[PDB]
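Only one chain is included here, represented as structure tokens and corresponding to the form deposited in one PDB entry.
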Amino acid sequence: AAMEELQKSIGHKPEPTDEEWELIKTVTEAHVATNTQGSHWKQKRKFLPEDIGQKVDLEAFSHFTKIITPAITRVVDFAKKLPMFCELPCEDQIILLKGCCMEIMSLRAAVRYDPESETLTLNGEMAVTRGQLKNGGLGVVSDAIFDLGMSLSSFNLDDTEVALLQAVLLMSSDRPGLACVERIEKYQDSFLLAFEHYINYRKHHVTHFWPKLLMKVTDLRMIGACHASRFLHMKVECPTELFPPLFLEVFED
């Protein structure tokens, strides 16, 4: 903990300390419990009819918002199982959640990318294509998520890495309106540090793994920001009635 810089300067790659291993277990379990069973959506997935999602294709949009509420609640459930999140005020809770929701949902869809069928599986239950997701309301956001998915294939991420990534997205102190900024940053730094150490232990046969991984954090933030804009365009090209209450609550002030 106190011998970070010096440990790096020598050339050693510090692995998780006992305190961090404990933190890693909590976050991983948090993710695993609120996410689909690994390597299961593959056999249980259902491809969306090729005729849907071939303006906003309201039919495809319909199919997506039908399962969007559970996807969102899974993210709240994840956040709930992290003590650091619970230590925070109600106002900060909501702000943090409204800001990372689409970032985490996208990472989750992205890691369930299948190069064979060239599809993503939403909620591990609905296999969709780039065009289908694009026409269903996401526009270029679909492109961004699929591009992310194709890229993540080489990273070979496990439940721990995806979980830590989600924790880093969640604890974003720059979220506007936050009140407990400096402690939300302490939490994030803590996650980032356990994360880097986890990566050293994992030793991916990939060059500059950590920095490349960090760039993904930025891409996920962009996907989120970009989706905020896609939501505005949705409220115009879509019947207000096809917007589940929680969907509206989380993305719009």
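All residue numbers refer to positions in the sequence shown, first residue = 1.
Participant: In this entry, is the chain continuous from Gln54 to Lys55, or are deposited residues missing in between (none, 1 to 3, 4 to 9, 10 or more)?
Facilitator: The entry has 10 or more unmodelled residues between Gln54 and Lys55.
Participant: Quick check on the record: does 149 to 157 or 173 to 181 carry the larger mean Cα temperature factor?
Facilitator: Mean B over CA atoms: larger for 173 to 181.
Participant: Got a sec? Mean C-alpha B-factor, which is higher, 44 to 52 or 208 to 216?
Facilitator: For C-alpha atoms only, the mean B-factor is higher in 44 to 52.
Participant: Name the residue from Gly124, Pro83, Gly99, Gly136 with the greatest C-alpha temperature factor listed in the entry.
Facilitator: Within the set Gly124, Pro83, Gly99, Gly136, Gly124 shows the top C-alpha B-factor.
Participant: Using only modelled residues of the chain, where does the Cα B factor of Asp114 rank: lowest third, middle third or highest third?
Facilitator: Ranked within chain, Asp114 CA B lands in the middle tercile.
Participant: Comparing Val32 with the other modelled residues of its chain, is its CA B-factor in the lowest, middle or highest third?
Facilitator: As the PDB entry reports it, the C-alpha B-factor of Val32 lands in the middle third of its chain.
Participant: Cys90's Cα B-factor: lowest, middle or highest third of the chain?
Facilitator: Top third by C-alpha B-factor.
Participant: By the recorded C-alpha temperature factor, relative to the other modelled residues in its chain, which third is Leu192 in?
Facilitator: Ranked within chain, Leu192 CA B lands in the lowest tercile.
Participant: What third of its chain, lowest, middle or highest, does the C-alpha temperature factor of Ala225 fall into?
Facilitator: According to the entry, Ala225 has a C-alpha B-factor in the chain's lowest third.
Unshown form deposited with a partner chain bound; subsequent notes refer to it.
Participant: Just checking whether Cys180 would be counted as a contact of its partner chain in the deposited bound form - the rule being heavy atoms within 4.5 angstroms.
Facilitator: Residue-level check for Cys180: no, no contact with its partner chain.
Participant: State yes or no: in the deposited bound form, is some non-hydrogen atom of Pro245 no more than 4.5 angstroms from a non-hydrogen atom of its partner chain?
Facilitator: Because a heavy atom of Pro245 falls inside 4.5 Å of its partner chain in the deposited bound form, the answer is yes.
Participant: Flag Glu125 as yes or no: does it have a non-hydrogen atom within 4.5 angstroms of any non-hydrogen atom of its partner chain in the deposited bound form?
Facilitator: It does not: once its partner chain is placed as it appears in the deposited bound form, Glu125 has no heavy atom within 4.5 Å of it.
Participant: Can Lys98 be called a contact residue for its partner chain in the deposited bound form at 4.5 Å between heavy atoms?
Facilitator: Yes, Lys98 is a contact residue.
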